[PDB]
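Colleague: My questions all concern the structure below.
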Amino acid sequence: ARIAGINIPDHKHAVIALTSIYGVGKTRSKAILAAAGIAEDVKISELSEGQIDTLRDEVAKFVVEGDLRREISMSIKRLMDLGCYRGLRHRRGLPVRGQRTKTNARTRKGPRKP
Amino acid sequence: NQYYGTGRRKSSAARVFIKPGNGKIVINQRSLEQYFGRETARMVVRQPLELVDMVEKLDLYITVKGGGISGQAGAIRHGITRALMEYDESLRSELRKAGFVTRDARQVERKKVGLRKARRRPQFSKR
Amino acid sequence: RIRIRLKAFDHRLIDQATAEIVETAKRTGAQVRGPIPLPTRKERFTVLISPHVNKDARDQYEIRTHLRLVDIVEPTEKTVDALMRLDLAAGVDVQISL
Amino acid sequence: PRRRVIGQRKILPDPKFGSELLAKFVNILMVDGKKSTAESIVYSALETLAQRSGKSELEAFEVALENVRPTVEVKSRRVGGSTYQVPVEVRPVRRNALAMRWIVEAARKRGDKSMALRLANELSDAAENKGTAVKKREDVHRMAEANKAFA
Amino acid sequence: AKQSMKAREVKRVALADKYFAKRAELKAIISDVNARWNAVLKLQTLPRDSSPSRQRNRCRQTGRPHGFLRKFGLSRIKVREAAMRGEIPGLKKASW
Amino acid sequence: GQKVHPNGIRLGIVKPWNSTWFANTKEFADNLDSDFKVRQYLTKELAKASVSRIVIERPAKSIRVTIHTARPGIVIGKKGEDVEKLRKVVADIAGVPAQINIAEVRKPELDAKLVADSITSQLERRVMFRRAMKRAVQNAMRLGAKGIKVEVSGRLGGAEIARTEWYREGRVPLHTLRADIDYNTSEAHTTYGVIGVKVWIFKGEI
Amino acid sequence: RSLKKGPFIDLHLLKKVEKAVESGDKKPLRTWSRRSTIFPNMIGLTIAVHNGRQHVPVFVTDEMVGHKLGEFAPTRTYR
RNA sequence: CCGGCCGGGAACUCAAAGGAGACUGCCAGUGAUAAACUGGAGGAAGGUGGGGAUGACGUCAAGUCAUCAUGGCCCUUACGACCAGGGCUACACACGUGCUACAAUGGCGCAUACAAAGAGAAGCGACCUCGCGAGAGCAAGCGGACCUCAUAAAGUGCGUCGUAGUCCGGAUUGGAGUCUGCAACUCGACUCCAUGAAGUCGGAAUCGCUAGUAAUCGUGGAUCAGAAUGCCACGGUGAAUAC
Ligand SMILES: [Mg+2]
Ligand SMILES: [Mg+2]
Ligand SMILES: [Mg+2]
Ligand SMILES: [Mg+2]
Ligand SMILES: [Mg+2]
Ligand SMILES: [Mg+2]
Ligand SMILES: [Mg+2]
Ligand SMILES: [Mg+2]
Ligand SMILES: [Mg+2]
Ligand SMILES: [Mg+2]
């Protein structure tokens, strides 16, 4: 039970199983099981092969997974190349968005030591 | 003529009308059940008919607005024993001992500059 | 047929331009649908009391603002000259038509 | 309590059964003033306990409570340098303000899925004194009695 | 608080109504589904303080730009000074 | 510092209010500035005309303005003359027309403000502060007054290091809300700084 | 990220971009307009962006368009 | 027209002006036949009923010359004045105050009952319509117990999840947008899609609160074009404990 990416998710309600893909955030999963003509609270047992690969197409639509990963990491370089602010920030390991750094910029700045 | 008692508690005001009849109860044009007779204090509207019997001896149609679930069910409860008025002051003595006579004066106490909420005091560290 | 709105911050006063107006009507023409009390809107202004710092100090002032309605049913031209020309009370806001 | 000794508000005996005692129980298990959802969890553990024990409901509670019930406690007493743990014979009325608190508090620190379940499993484990909470008695005993020396 | 820092705010209310509200609503509709010919917004090269929200809001008496209050156009410092001398109609130390 | 202003806490009760007009949110501010603009000019003018208090009202699109003075004539001038040249400018400043009554100050020794003002005006004159304080408190207890306290402050006489020093003669229950207390203020602008005068005058009760 | 209805730019700058287009670039090009959005009609120029103390040179390129002129002129010197 | 909606109705709810009421005063016990406490009576309220306002003489040369004022001192083609851009928002760290969690007393979907208190014309904005959305166009009422903000949330009913770094938790970042404003780069708020850090209840140590309080739950306001987890204010449900 693989669908899309190398990923192989299932064994619980569908809408939640699908989320497993890197590119589905519930909203996408609800639009998928809907456009596939599938009940969202169904497990995969009963979910015979017939319905499964119908989904595999519906997901195929979006730039999910590795292709997403690549695309997204591309966009972060684009910044760094341009040498703009939001980029210089990505290369610096400090928060891009503007969060204060005098304190609590910890997620981005990574755990403390010195 | 209609025999009546007010009864109000914590920001709720209910008006309770009596008339010998069934054991049916209306509130806000609604079944006792359908309003909150299936929630925290359904049993307490009934209360005011304990040492004072019924089951279906007198009817009571009421309304009530303000406050919340237990404030509204508090008022009404007060208005019943206040309307049991009509049926003498001989019954309104163990309506006393029942604690149903009293006006539950406990109000909500104000927020007060310097604190967080009424009593809640901003944690203070020495240094 | 005609009602007059009264407001002022002083209370022991507004109803004495009310009960005054009322009187200056039930004497003349009359009818007058009594003087209605009506929601007293009260602002509150809460401010810091030390020139510098001390956020816990603070004075807490308010401004009550009282109303009265009046309502006069029968408008006699005498009653109509009875508000007119007989009025006063400088710190009272009165509103004629609506 | 420097002076003004006091009495005690007397909450309203349990809306389902008619018991001061459980009203103390619920209020205890209660949290963030959620009485509504509080009494739910107690009767749902009393429901499983009632039938899972058979022997009624009221009386099933009492015999499991009759266990964790304490009789002697160690009251501190910081005197000349030493903290001196002084055992004292504890009141009957407190004797279950605790018992109930250790039972409730025991089921909270527990692995069962829902709180109703946990509660029932403490009631029951205590029923046959072999729980976390009963051990709180088999320890506050141990800790008094050792300071038995003092008296 | 520094004449000039006052004078500034006067110059700003001045301009705030020489142009804006007037000459500047030529932008209100000028920017609303009337699409386009870009000369539209571009026009924004006017005095700067012409804009209303360039105004600060200062204690009418002292000039303090902080602790201001609209009802009374004063700073909490002068407000309480007037309050305790009557001076502000209706206003008294309230309690409840 | 930690004494509620005496006048202020009384307004609701026993004490009046030196502005009484009504206005709504909108003009409420525009009025205040007007008021504090008129009391400004007027006090710089009738300075040496012993004025102790000026009330304002705006009776519908008009401004009334009473002026409590202990030198009614001096304010009024040669047969009305002055009041005219006041009304004149007082309406120029209020943006509306201006009546302007002149209330009389009977027994000025009883007015806190006129009391302070003199004590203030005495230091500038260059007189002993203990002396003035003691004159004040006397002719006061004299003409009635169930009590009075006046205190001063700051470089009393010249000190590099400043002081306060008061004088409580009689009764001055500042905690009783009934108690009539006329409390006011005045500052001396002297060659070695600024001296603050507070005076309380206890008149009665109810 | 804002605007929605007509990207923004300062006049005296946009006319300082056409005093070089029709002409052919001169030396750098000074603007304090860290405001303005960069247009396709600025690619290839070098615009001098004030950062507080002086104007940082910035060659414009095929993707510094939907960005602000200030994005490329660091303002707090940190090390 | 099953809408207090129209006649009407002056009862009731309320509104806001004025009144009575509570005094250890009445019974009793305790205590010097006192003060007082204690318990009982009646009573909406018993022992300054609940809360607020109110802060004595004074202590810390405690804080404020930057709110304003002001003695003295200093600058005066500069220590003053105008403009642009930046900065007060920096980031190896440390400490204080808070917000959000770690979850089934819970998460989520759907249905659904019950507040208080404020705000409003250079404003509150209904409706309808478009947009998944934040919003947008159009447009009524209301200076407002009328009209708008505004559909309280906890809660209750069903169902789902089944103890997992999870359907818990929402950081961080990519993408694309909305509104204010001359202008959202530095640094605004908000939305849609994706993203899913730390975190399984916190060492030493330490804080709050004695009842409509703590805890929990939503609501409004000042400042304010915009910019609240802070501040100020409101009620909902509602404890434990004091020898
Ligand atoms: Mg921190
Ligand atoms: Mg100045
Ligand atoms: Mg501003
Ligand atoms: Mg007192
Ligand atoms: Mg200092
Ligand atoms: Mg000077
Ligand atoms: Mg700063
Ligand atoms: Mg979640
Ligand atoms: Mg927790
Ligand atoms: Mg509350």
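Values in this text are rule-based calculations from the coordinates and carry no lab data. Backbone-built Cβ (ideal geometry, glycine too); neighbour counts: all protein chains shown.
Colleague: Out of residues 5 or more away from B:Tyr3 or on other chains, whose amide H comes under 5 Å of its own, with H placed 1.01 Å from N in the peptide plane?
Modeller: Amide H neighbours of B:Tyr3, under 5 Å, 5+ apart: B:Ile18.
Colleague: Which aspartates and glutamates, on any chain, are close to A:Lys26 with Cα under 19 Å apart, when same-chain ones fewer than 8 places away are left out?
Modeller: By straight Cα distance, A:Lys26 reaches A:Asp10, A:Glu40, A:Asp41, A:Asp57, A:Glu58, A:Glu65.
Colleague: What percent of all Cα-Cα pairs in chain B falls into each 10 Å bin, going from 0 up to the bin containing the maximum distance?
Modeller: 13, 40, 25, 10, 8, 4, 1, 0
Colleague: In a Debye calculation with equal point scatterers on the alpha-carbon sites of the range D:1-83 and no solvent, what is log10 I(q)/I(0) at q = 0.11, 0.15, 0.18, 0.21 Å⁻¹?
Modeller: Scattering profile of the range D:1-83, log10 relative to I(0): -0.48, -0.74, -0.91, -1.08.
Colleague: Tell me, what ³J(HN,Hα) does each residue in the range F:109-114 have, in order and in whole Hz, if you take phi through Karplus 6.51 cos²θ - 1.76 cosθ + 1.60 with θ = phi - 60° and put x for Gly and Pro?
Modeller: 4, 9, 8, 3, 4, 5
Colleague: Just how far, in whole angstrom, is the range D:134-151 from the range F:164-197 if you go by their alpha carbon centroids?
Modeller: 69
Colleague: While we're on this one: Regarding the range F:107-206, what's the average projected area of the Cα-atom convex hull, expressed in nm²?
Modeller: Hull-based average projected area comes out at 5.9 nm².
Colleague: Under the Karplus relation 6.51 cos²θ - 1.76 cosθ + 1.60, θ = phi - 60°, what is the ordered set of whole-Hz ³J(HN,Hα) values for the range C:86-91, x standing for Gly and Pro?
Modeller: 8, 8, 6, 6, 4, x
Colleague: Separate question: Per the Kirkwood treatment, what hydrodynamic radius in Å, one decimal, follows for the range F:1-94 from the mean inverse distance over all distinct Cα pairs?
Modeller: Averaging 1/r across every pair of different Cα atoms and inverting gives 14.8 Å.
Colleague: Here's another thing I want to ask about it. Amide H neighbours of F:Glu187 under 5 Å, at least 5 residues apart or on other chains, H built in the peptide plane: list them.
Modeller: Amide H neighbours of F:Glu187: F:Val197.
Colleague: Give me the number: length gained by fully extending A:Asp53 to A:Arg78, i.e. 0.36 nm times residue separation minus the C-alpha to C-alpha distance, one decimal in nm.
Modeller: Gain on extension, A:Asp53 to A:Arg78, equals 5.5 nm.
Colleague: Report the number of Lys pairs in chain G whose alpha-carbons are under 28 Å apart, with separation of 8 or more residues or on distinct chains.
Modeller: 17
Colleague: Taking chain C as the region of interest, what is the percent of Cα-Cα pairs per 10 angstrom bin, listed from the shortest bin to the one with the maximum distance?
Modeller: Reading the bins upward from 0: 15, 40, 20, 11, 9, 5, 0.
Colleague: Once you treat every alpha carbon in chain G as an equal point and sum by Debye, what is log10 I(q)/I(0) at q = 0.18, 0.20, 0.22 Å⁻¹?
Modeller: For the requested q values the scattering log ratios are -0.71, -0.87, -1.03.
Colleague: Enter the angle in degrees (range 0 to 90, nearest 10) between the Cα long axis of helix D:58-68 and the first principal axis of the Cα atoms of chain D, meaning the one along which they spread out most.
Modeller: The angle comes out at about 30 degrees.
Colleague: Quick one: Debye curve from the alpha-carbon atoms of the range E:1-86 only, equal weights, vacuum; give me log10 I(q)/I(0) at q = 0.17, 0.21, 0.22, 0.26 Å⁻¹ to two decimals.
Modeller: The calculated log intensity ratios at q = 0.17, 0.21, 0.22, 0.26 Å⁻¹ are -0.77, -0.95, -1.00, -1.19.
Colleague: I've got another one for you. A:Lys102: which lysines have alpha carbons under 17 Å from its alpha carbon, excluding same-chain residues fewer than 8 sequence positions away?
Modeller: Answer for A:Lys102, where 17 Å is the Cα cut-off: A:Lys113, listed by chain and number.
Colleague: Rounded to a whole number, what is D in µm²/s for chain F from Stokes-Einstein with the Kirkwood radius over alpha-carbon pairs (10 °C, 1.306 mPa s)?
Modeller: Taking Rh from Cα pairs, D becomes 86 µm²/s.
Colleague: Projecting each Cα onto the charge dipole of chain F (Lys/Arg +1, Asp/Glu -1 at the beta carbon, about the Cα centre), which of F:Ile9, F:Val96, F:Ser153 comes out farthest on the positive side?
Modeller: Among F:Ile9, F:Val96, F:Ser153, the one farthest towards the positive end of the dipole of chain F is F:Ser153.
Colleague: From the C-alpha coordinates alone, can you work out the Kirkwood hydrodynamic radius of chain A, in Å?
Modeller: 16.7
Colleague: Right, another one. Of F:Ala179, F:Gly193, F:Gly144, which is farthest along the charge dipole of the range F:107-206 in the positive direction, counting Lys and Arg as +1 and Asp and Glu as -1 at C-beta?
Modeller: The listed residue farthest towards the positive side: F:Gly144.
Colleague: Another question about this same structure. With springs only between Cα atoms under 10 Å, which of A:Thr19, A:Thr101, A:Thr27 fluctuates most in a Gaussian network model of chain A?
Modeller: The residue with the greatest mean-square fluctuation here is A:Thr101.
Colleague: Could you grab the relative contact order for the range F:1-98? Cα pairs under 8 Å, six or more apart, rounded to a whole percent.
Modeller: Value for the range F:1-98: 24 percent.
Colleague: Which entries in C:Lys55/E:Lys71; C:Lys42/F:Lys88; A:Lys43/D:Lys35; B:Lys24/D:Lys35; B:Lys117/D:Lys10; F:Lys37/F:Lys198 show an alpha-carbon gap greater than 31 Å?
Modeller: C:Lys42/F:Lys88; A:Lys43/D:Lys35
Colleague: Related question: Can you tell me the orientation of helix D:20-29 relative to chain D, as the angle in degrees between its alpha-carbon axis and the longest Cα principal axis, to the nearest 10?
Modeller: The angle comes out near 90 degrees.
Colleague: Compute and list, largest first, the equivalent-ellipsoid semi-axes of chain D from the alpha carbon gyration tensor, each √(5λ) rounded to a whole angstrom.
Modeller: Semi-axes from the Cα gyration tensor: 30, 20, 14 Å.
Colleague: List the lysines whose alpha-carbon lies under 18 Å from that of F:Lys203, not counting same-chain residues fewer than 8 positions away?
Modeller: Partners within reach: F:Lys15, F:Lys107, F:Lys113, F:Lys146, F:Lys149.
Colleague: When the Cα centres of the range D:68-107 and the range C:58-78 are compared, how far apart do they sit, in Å?
Modeller: 65
Colleague: Around F:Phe202, which amide H atoms from residues at least 5 apart in sequence, or from another chain, sit under 5 Å from its own amide H, with H modelled in the peptide plane?
Modeller: Excluding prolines and chain starts, which carry no amide H, the hits are F:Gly147, F:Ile148, F:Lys149.
Colleague: Tell me, what is the percent relative contact order of chain F, built from C-alpha pairs under 8 Å that lie six or more residues apart?
Modeller: 19
Colleague: Further question: Given R₀ = 22 Å, what would the calculated FRET efficiency be for F:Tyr192 paired with F:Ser121, taking r from the Cβ atoms and rounding to 0.05?
Modeller: 0.85
Colleague: Rounded to whole Å and sorted largest first, what semi-axes of the equivalent ellipsoid does the C-alpha gyration tensor of the protein assembly as shown yield via the square root of 5 times each eigenvalue?
Modeller: After scaling each eigenvalue by five and taking roots: 63, 54, 36 Å.
Colleague: A follow-up question, please. From the backbone phi of the range A:102-109, what are the Karplus-calculated ³J(HN,Hα) couplings (6.51 cos²θ - 1.76 cosθ + 1.60, θ = phi - 60°) in whole Hz, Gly and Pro given as x?
Modeller: 4, 8, 5, 10, 6, 3, 6, 7
Colleague: With unit charges on the beta carbon (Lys/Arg positive, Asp/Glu negative), name the residue among C:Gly29, C:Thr40, C:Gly91 whose Cα is farthest towards the positive pole of the charge dipole of chain C.
Modeller: Result: C:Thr40.
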